[PDB]
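Consider the single chain below, provided in structure tokens and representing the form deposited in one PDB entry.
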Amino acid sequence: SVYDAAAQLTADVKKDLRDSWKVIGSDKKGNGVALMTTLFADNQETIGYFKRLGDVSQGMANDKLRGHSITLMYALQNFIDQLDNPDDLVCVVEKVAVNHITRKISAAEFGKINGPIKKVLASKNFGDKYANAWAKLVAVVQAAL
């Protein structure tokens, strides 16, 4: 299942992920927090999963939130670095999914991160072409949930 979703990561899709990531991933703190704040803004309900973070409206100034956002970017950094070896990409995606399964986060719920990503990509001038590429990466994780 996860392997089949990985099959969707074609040569062109991978090229767009590595290219857009060369920019998005150059500022993990900034872009990471931008992602989380956009998620909470567009889907206020997802906040119910982050009670441990406290006052998330403080954004960047919130140490717990900032700490979480930076760590999230390194998960994506991990996935991007494993794009050329489906075997490693899968074992890594399944590792990440473990804790989200325990948190009772469905695939549909996880998919809500697509909007935030699309917006963050556009702030850097990356059109739908890149947005679709990333939706395919998120789909690999969703296949594991």
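We number the residues from 1 along the sequence you see.
Enquirer: If you average the CA temperature factors over each stretch, which comes out higher, 98-106 or 112-120?
Expert: For C-alpha atoms only, the mean B-factor is higher in 98-106.
Enquirer: Which is higher on average in the deposited entry, the C-alpha temperature factors of 62-70 or of 80-88?
Expert: 80-88 has the higher mean C-alpha B-factor.
Enquirer: Among the chain's modelled residues, which third holds the C-alpha B-factor of residue 140?
Expert: Its C-alpha B-factor belongs to the lowest third of this chain's values.
Enquirer: According to the PDB entry, is the CA B factor of residue 57 in the bottom, middle or top third of its chain, that is, lowest, middle or highest?
Expert: Answer is middle: the recorded C-alpha B-factor places it there.
Enquirer: By its CA B factor, does residue 23 count among the lowest, middle or highest third of the modelled residues in the chain?
Expert: Ranked within chain, residue 23 CA B lands in the lowest tercile.
Enquirer: Would you please rank residue 17 by its C-alpha temperature factor against the other modelled residues of its chain and give the third it falls in: lowest, middle or highest?
Expert: It falls in the bottom third of the chain.
The protein also exists as the form deposited with a small molecule bound; that form is not presented, and the subsequent description refers to it.
Enquirer: Check whether residue 31 has any heavy atom within 4.5 Å of a heavy atom of the small molecule in the deposited complex, and answer yes or no.
Expert: Result yes; residue 31 sits at the interface with the small molecule in the deposited complex.
Enquirer: Using heavy atoms and a 4.5 Å limit, would one call residue 89 a contact residue for the small molecule in the deposited complex?
Expert: No, residue 89 is distant from the partner.
Enquirer: In the deposited complex, is there a heavy atom of the small molecule that lies within 4.5 Å of any heavy atom of residue 35, even though the partner is absent here?
Expert: Yes, contact at 4.5 Å.
Enquirer: Does the 4.5 Å heavy atom contact test between residue 56 and the small molecule in the deposited complex come out positive?
Expert: Taking the distances in the deposited complex, the answer for residue 56 is no, it never comes within 4.5 Å of the small molecule.
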